[PDB]
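Trainee: The following block contains the structure, expressed as structure tokens.
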Amino acid sequence: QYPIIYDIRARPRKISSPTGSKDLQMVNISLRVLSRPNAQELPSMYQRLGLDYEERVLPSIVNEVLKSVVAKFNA
Amino acid sequence: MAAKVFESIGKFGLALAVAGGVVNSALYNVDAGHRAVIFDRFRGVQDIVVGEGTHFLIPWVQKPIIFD
């Protein structure tokens, strides 16, 4: 059993994205997100995602969401 | 009598050391999330997996393939 101490205490993160807005204006928009892990399905967390899990998740989703919504929204 | 006892002790120790070496070589630590495989020549590689434990190979034919 390797229960390497999985720190559920908050470890913050921030992500930005340069997007072609509605007017094709290259608008760089930031976004600060507050993420915390769970306890009910940590087995899969460490088995698959290993020790480092938050590093493996946020950037792509944040970037895509920002790009989509900013392209939807005028400056 | 003592010499015979010492000789037997040495022989037993030598055999034990050989066995330990063999078992360790047939082992790859399946570090957390290291599903290796067992591998031979008669069939290639057994279509069965070494799960995320230190499931074991027979030596030198399974050159430890530790698929992380």
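Here's how to read the names in the structure tokens: chain A, B, ... by the order shown, residue numbers from 1 in each chain, ligand numbers from 1 in the order shown.
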Mind checking which residues fall within 6 Å of range 17-21 of chain A, counting only C-alpha atoms, ignoring those fewer than 3 positions away in the same chain, and posting them as number ranges by chain?

Mentor: A: 24-29, 63, 67, 70-71

Trainee: Which chain B residues are at most 9 Å from chain A (counting only C-alpha atoms), as a PyMOL selection string?

Mentor: chain B and resi 32-33+52

Trainee: Can you write out the residues you just picked, keeping N, CA and C atoms, as an mmCIF file, in the first residue's frame?

Mentor:
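Output file part-v3.cif is given in full below:
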data_model
loop_
_atom_site.group_PDB
_atom_site.id
_atom_site.type_symbol
_atom_site.label_atom_id
_atom_site.label_comp_id
_atom_site.auth_asym_id
_atom_site.auth_seq_id
_atom_site.Cartn_x
_atom_site.Cartn_y
_atom_site.Cartn_z
ATOM 1 N N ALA B 32 4.225 1.735 -7.982
ATOM 2 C CA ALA B 32 2.796 1.995 -8.026
ATOM 3 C C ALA B 32 2.357 2.332 -9.441
ATOM 4 N N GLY B 33 1.479 1.500 -9.990
ATOM 5 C CA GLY B 33 1.095 1.623 -11.380
ATOM 6 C C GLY B 33 2.191 1.214 -12.345
ATOM 7 N N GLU B 52 -1.097 -4.404 -11.402
ATOM 8 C CA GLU B 52 -0.279 -3.459 -10.646
ATOM 9 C C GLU B 52 0.200 -4.048 -9.339
#

Trainee: I need the strand (DSSP E or B) residues of chain B per DSSP on the backbone, written as a list in words.

Mentor: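 Those residues are residues 37, 38, 39, 45, 46, 47, 48 and 49 of chain B.
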
Trainee: Go through B:21, B:59, B:67, B:8 one by one, measure the shortest atom-to-atom distance of each to residue 40 in chain B using only C-alpha atoms, and give the residue with the smallest value.

Mentor: B:59

Trainee: DSSP on the backbone, alpha helix (DSSP H) only: what residues of chain A does that give? Format it as a ChimeraX atom specification.

Mentor: /A:42-49,58-72

Trainee: To one decimal place in Å, what is the distance between CA of residue 52 in chain A and CA of residue 50 in chain B?

Mentor: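 Distance between the two atoms: 23.5 Å.
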
Trainee: Can you tell me which residues surround residue 58 in chain B at a distance of at most 10 Å, considering only C-alpha atoms, apart from same-chain residues fewer than 5 positions away, and format the answer as a PDB file with N, CA and C atoms, in the first residue's frame?

Mentor:
ATOM      1  N   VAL B  22      18.214 -15.674  -7.848  1.00  0.00           N
ATOM      2  CA  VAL B  22      17.273 -16.057  -8.899  1.00  0.00           C
ATOM      3  C   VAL B  22      15.936 -15.354  -8.697  1.00  0.00           C
ATOM      4  N   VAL B  23      15.423 -15.355  -7.463  1.00  0.00           N
ATOM      5  CA  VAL B  23      14.104 -14.765  -7.240  1.00  0.00           C
ATOM      6  C   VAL B  23      14.136 -13.263  -7.501  1.00  0.00           C
ATOM      7  N   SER B  25      16.087 -11.592  -9.552  1.00  0.00           N
ATOM      8  CA  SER B  25      16.172 -11.319 -10.986  1.00  0.00           C
ATOM      9  C   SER B  25      14.825 -11.525 -11.668  1.00  0.00           C
ATOM     10  N   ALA B  26      14.068 -12.534 -11.241  1.00  0.00           N
ATOM     11  CA  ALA B  26      12.724 -12.768 -11.751  1.00  0.00           C
ATOM     12  C   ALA B  26      11.724 -11.736 -11.257  1.00  0.00           C
ATOM     13  N   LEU B  27      12.167 -10.754 -10.478  1.00  0.00           N
ATOM     14  CA  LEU B  27      11.298  -9.710  -9.970  1.00  0.00           C
ATOM     15  C   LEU B  27      11.657  -8.369 -10.584  1.00  0.00           C
ATOM     16  N   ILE B  38       4.607 -10.880 -18.589  1.00  0.00           N
ATOM     17  CA  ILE B  38       5.489 -12.040 -18.610  1.00  0.00           C
ATOM     18  C   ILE B  38       5.674 -12.461 -20.062  1.00  0.00           C
ATOM     19  N   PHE B  39       6.877 -12.922 -20.373  1.00  0.00           N
ATOM     20  CA  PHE B  39       7.357 -12.952 -21.749  1.00  0.00           C
ATOM     21  C   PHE B  39       8.200 -14.205 -21.931  1.00  0.00           C
ATOM     22  N   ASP B  40       8.070 -14.868 -23.083  1.00  0.00           N
ATOM     23  CA  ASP B  40       8.859 -16.066 -23.368  1.00  0.00           C
ATOM     24  C   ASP B  40       9.197 -16.098 -24.857  1.00  0.00           C
ATOM     25  N   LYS B  63      13.013 -10.405 -19.962  1.00  0.00           N
ATOM     26  CA  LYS B  63      13.874  -9.272 -19.665  1.00  0.00           C
ATOM     27  C   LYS B  63      12.971  -8.192 -19.093  1.00  0.00           C
ATOM     28  N   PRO B  64      13.096  -7.846 -17.799  1.00  0.00           N
ATOM     29  CA  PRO B  64      11.970  -7.195 -17.112  1.00  0.00           C
ATOM     30  C   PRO B  64      11.373  -6.055 -17.917  1.00  0.00           C
TER      31      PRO B  64
END

Trainee: Do a neighbour search on residue 24 in chain B at 12 Å with only C-alpha atoms, toss out local chain neighbours closer than 4 positions, and write the hits as an MDAnalysis selection string.

Mentor: chainID B and resid 17:20 28:29 54 56:60 64

Trainee: Measure the distance from CA of residue 59 in chain A to CA of residue 44 in chain A in Å and round it to one decimal.

Mentor: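 If I compute the distance from CA of residue 59 in chain A to CA of residue 44 in chain A, I get 20.9 Å.
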
Trainee: Extract, using only C-alpha atoms, all DNA, RNA and protein residues at most 7 Å from range 11-14 of chain A, discarding same-chain residues fewer than 2 positions from it, and format them as a PDB file with N, CA and C atoms, in the first residue's frame.

Mentor:
ATOM      1  N   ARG A   9      -5.428  19.608   1.139  1.00  0.00           N
ATOM      2  CA  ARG A   9      -5.379  21.038   1.400  1.00  0.00           C
ATOM      3  C   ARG A   9      -5.144  21.787   0.094  1.00  0.00           C
ATOM      4  N   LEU A  31      -7.916  33.821 -15.863  1.00  0.00           N
ATOM      5  CA  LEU A  31      -8.963  33.146 -15.104  1.00  0.00           C
ATOM      6  C   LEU A  31      -8.317  32.403 -13.946  1.00  0.00           C
ATOM      7  N   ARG A  32      -8.732  32.728 -12.724  1.00  0.00           N
ATOM      8  CA  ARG A  32      -8.207  32.112 -11.513  1.00  0.00           C
ATOM      9  C   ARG A  32      -9.242  31.129 -10.985  1.00  0.00           C
ATOM     10  N   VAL A  33      -8.836  29.871 -10.836  1.00  0.00           N
ATOM     11  CA  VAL A  33      -9.747  28.789 -10.497  1.00  0.00           C
ATOM     12  C   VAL A  33      -9.303  28.169  -9.177  1.00  0.00           C
ATOM     13  N   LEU A  34     -10.287  27.814  -8.350  1.00  0.00           N
ATOM     14  CA  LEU A  34     -10.050  27.251  -7.023  1.00  0.00           C
ATOM     15  C   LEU A  34     -10.491  25.793  -7.025  1.00  0.00           C
ATOM     16  N   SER A  35      -9.528  24.881  -7.142  1.00  0.00           N
ATOM     17  CA  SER A  35      -9.799  23.457  -7.275  1.00  0.00           C
ATOM     18  C   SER A  35      -9.299  22.708  -6.048  1.00  0.00           C
TER      19      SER A  35
END

Trainee: With a distance cut-off of 8 Å and only C-alpha atoms, select the neighbouring residues of residue 51 in chain B, excluding the residue or stretch itself and same-chain residues fewer than 3 positions from it, and output the selection as a list in words.

Mentor: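 That gives residues 34, 35, 36, 54 and 55 of chain B.
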
Trainee: Could you turn the residues from that selection into a file that holds C-alpha atoms, as a compact mmCIF listing (two decimals), in the first residue's frame?

Mentor:
# COMPACT_ATOMS: atom_id res chain seq x y z
CA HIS B 34 3.70 -0.56 -13.14
CA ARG B 35 1.79 -3.32 -14.97
CA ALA B 36 4.58 -5.33 -16.57
CA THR B 54 4.81 -7.59 -8.61
CA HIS B 55 3.41 -10.48 -10.61

Trainee: Between CA of residue 15 in chain A and CA of residue 66 in chain A, what is the distance, to one decimal in Å?

Mentor: 9.6 Å

Trainee: Hey, what's within 9 Å of residue 73 in chain A if we count only C-alpha atoms and toss same-chain stuff fewer than 4 positions away? As a PyMOL selection string, please?

Mentor: chain A and resi 21-23+68-69
